[PDB]
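Here's the letter readout for the chains.
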Amino acid sequence: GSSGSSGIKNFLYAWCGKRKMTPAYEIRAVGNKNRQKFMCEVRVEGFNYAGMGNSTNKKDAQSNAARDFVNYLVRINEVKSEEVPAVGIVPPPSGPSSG
């Protein structure tokens, strides 16, 4: 649908809510004024790490930040990767794109 998706943002929020916590997001604007980009960080109380993301928009930047903090929860074995949803974002091809 035209609103995109929110599965990894909802997964971190639901994981926090099953543990009596709430995730805290933090955002910065970067790049060209007409062709703007955004960076995102996300943190949770009692954890020293911050998951990091970026994109052309705040929603995809939050989804990358959420995926990297949920990945950290697998690096410390507080979450199994088998439960974690796909981020919904893919990189551009490494070849020419000028025409």
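Within every chain, numbering proceeds from 1 in written sequence order, not necessarily in step with the numbering of the entry, and residues without coordinates do not appear. For side-chain calculations, the full set of non-hydrogen atoms in the structure is used, while hydrogens and water are omitted.

- Its PDB record attributes the structure to solution NMR.

## Some details on the overall build of the protein
Then step 1. Labels follow the DSSP assignment, with helices taken as runs of H or I lasting at least four residues and strands as runs of E lasting at least two, numbered in each case from the N terminus. Regarding its fold elements, the protein presents two helices and three strands.
Then step 2. Traced from its N-terminal end to its C-terminal end, the protein shows the element sequence α-β-β-β-α.
Then step 3. When its C-alpha atoms are laid out on the principal axes, the protein stretches across 50 × 25 × 25 Å.
Then step 4. Only protein chains enter the accessibility calculation, which uses a 1.4 Å probe; a residue is then buried when its area is under 20% of its type maximum, exposed when over 50%, and partly exposed in between. Classification of the 99 residues of the protein by burial places 28% in the buried group.
Then step 5. Long-range pairs, those at least 24 residues apart, make up 37% of the contacts in the protein with a sequence separation of at least 6.
Then step 6. Only four residue types enter the tally: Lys and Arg on the positive side, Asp and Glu on the negative side; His and the chain ends are excluded. To locate a charge, take NZ of a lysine, CZ of an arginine, CG of an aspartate or CD of a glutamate. If you average the places of the 14 positive and of the 8 negative side-chain charges in the protein, the two averages end up 7 Å apart. Contact between two residues is taken to exist if any of their heavy atoms lie within 4.5 Å; hydrogens are not considered.

## Remarks on the packing of helix α1 (residues 7-17) against helix α2 (residues 58-75)
Then step 1. For the pair α1 and α2, the least separation of the axes is 8 Å and the interaxial angle reads 45 degrees. The orientation of α1 with respect to α2, classified from their angle, is oblique. For the pair α1 and α2, the sense of crossing is left-handed. The residues of α2 that touch α1, namely those facing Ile8, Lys9, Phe11, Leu12 and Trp15, are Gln62, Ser63, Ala66, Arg67, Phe69, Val70 and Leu73.
Then step 2. Basically, the charged four are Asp, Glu, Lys and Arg, the nonpolar ten are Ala, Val, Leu, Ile, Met, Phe, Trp, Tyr, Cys and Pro, and anything else, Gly included, counts as polar. Within the contact of α1 with α2, the residues separate by chemical class into eight nonpolar, two polar and two charged. Structural elements are reduced to axes, namely lines fitted to C-alpha atoms, with helices fitted over the stretch in contact, and the angle between N-to-C directions of any two is expressed from 0 to 180 degrees. Each angle is binned into one of four classes, with values under 35 degrees roughly parallel, values over 145 roughly antiparallel, values of 65 to 115 roughly perpendicular, and all other values oblique. Handedness of a crossing is defined here by the sense of rotation of the near helix relative to the far one, left-handed for an anticlockwise turn of less than a right angle and right-handed for a clockwise turn.

## What about the pattern of salt bridges?
Then step 1. For this document, the term salt bridge refers to a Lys or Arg side-chain nitrogen within 4 Å of an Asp or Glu carboxyl oxygen. A full pass over the atoms with the stated rule returns four salt bridges.
Then step 2. Put simply, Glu78 and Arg19 hold a salt bridge, and the shortest N to O gap is 2.8 Å. Placement of the pair is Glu78 in the segment after α2 and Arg19 in the loop between α1 and β1 (24-31), with a sequence separation of 59 residues.
Then step 3. Close ionic contact of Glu26 with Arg43 constitutes a salt bridge, the shortest N to O distance being 2.8 Å. One end of the pair, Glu26, is in strand β1; the other, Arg43, is in strand β2 (residues 36-43), and 17 residues separate them in sequence.
Then step 4. The class of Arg43 is partly exposed, set by a relative accessible area of 37%.

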